[PDB]
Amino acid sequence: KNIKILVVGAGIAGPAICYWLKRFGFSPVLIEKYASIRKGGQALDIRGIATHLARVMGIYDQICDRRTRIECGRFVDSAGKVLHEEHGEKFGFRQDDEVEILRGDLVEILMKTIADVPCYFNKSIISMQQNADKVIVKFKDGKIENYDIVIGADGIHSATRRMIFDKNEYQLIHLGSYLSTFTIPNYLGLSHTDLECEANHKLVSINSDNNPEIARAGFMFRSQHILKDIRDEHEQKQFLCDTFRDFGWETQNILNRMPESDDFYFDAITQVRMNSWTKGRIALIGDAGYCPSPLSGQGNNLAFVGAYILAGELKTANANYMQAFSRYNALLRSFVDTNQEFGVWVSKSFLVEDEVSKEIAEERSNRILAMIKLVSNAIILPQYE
């Protein structure tokens, strides 16, 4: 209304809740720690109830226009021999409403829906304090600003969570694996083709799709090693290179091109476990509160649903945040649990055994496809108008 609402983080959840807040009569302000919007990341899937929300948000056609268009998927051994080849569907469309899109393309689409929302980059909070009346936010500039409501949308490593919640109110559960992805020059000359090689509890992929000049690389692997500083990019890259030192295939050609990449991403595959996602005038959304991990395939869809419900409950409560936050926690809990359980289930076998029976792999793959459809629909959305 006139309420001062700060949204921390311009990823998926933060821009999404800004759209809903703006639509529902509020005037949010958005901040991003980085200098500009971060567009790295693998393809993600808009699935289940999130496809309905994308439609209501007015972005479904735009997402469809930016769908991935891989025509040929090959699984190869470390010498490059093709073990199995899959081909895409006609027109690059599924028969259902699901759509695969690069994360960066989705983030661009979301930011276009909130052109009327102030967004400040290079803004980083160093201190947060709240009383019964205001949230006091001190920035690295030295600025100090008071807000009625602060929404943490700042990802699995949420600074907002760290500054507001006691360490015993949240756990980061490592699921035993890591993910890295980045773009490099398309030195193989791939054309709408994805190559993937799996060995020794490790997976390496490389594709080129809609930009013929660039290729996107992906690395996933099991490891119990924990970094000294999970945010230290030098340590991340050294760990990635050590891990794949003897993998062979294209791994050295890819890793040797990381200095030419402007969108490097690396993170542990982890869940955020909390009994409540709010404290006083502070609410967490998306990965900051309930990251289901990349192995769920659902982080962006949980972010969509969380943004919608929190914004709606704030509208229904006529800006009475205590009531809205209570409803938010209650209405989202079952859906978060279902999606997190599915991520845990996938983690129990992902890359765990070097060689798996074909019969076993096929039954596992079929069950996962059935389960993810159920999980993605496991909520009844409230209506807010």
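Position 1 is the first residue in the sequence shown; the rest follow in order.
Asks: Using only the Cα atoms and their B-factors as the entry lists them, report which of 350 to 358 and 336 to 344 averages higher.
Replies: If you average the C-alpha B-factors of 350 to 358 and of 336 to 344, the larger mean comes out for 350 to 358.
Asks: Would you determine, from the values in the PDB entry, which of 89 to 97 and 191 to 199 has the greater average C-alpha temperature factor?
Replies: On average, C-alpha B-factors are higher across 89 to 97.
Asks: Between 175, 125, 102, 156, where does the Cα B-factor run highest in the record?
Replies: By C-alpha B-factor in the record, 125 ranks first.
Asks: Taking the values straight from the PDB record, which of 267, 250, 260, 141 has the highest C-alpha temperature factor?
Replies: Most elevated C-alpha B-factor of the set, per the entry: 141.
Asks: According to the PDB entry, is the CA B factor of residue 276 in the bottom, middle or top third of its chain, that is, lowest, middle or highest?
Replies: Its C-alpha B-factor, which the entry lists for residue 276, ranks in the highest third among residues of this chain.
Asks: Which third of the chain holds residue 67 when residues are ordered by C-alpha B factor: lowest, middle or highest?
Replies: Lowest third of the chain for residue 67's C-alpha B-factor.
Asks: Using only modelled residues of the chain, where does the Cα B factor of residue 254 rank: lowest third, middle third or highest third?
Replies: Within its chain, residue 254 is a lowest-third residue by C-alpha B-factor, going by the deposited values.
Asks: Please place residue 185 in the lowest, middle or highest third of its chain by C-alpha B factor as given in the entry.
Replies: CA B-factor rank for residue 185: middle third.
Asks: Mind checking which third residue 5 falls in for C-alpha B-factor across the chain?
Replies: For residue 5, the deposited C-alpha B-factor lands in the highest third.
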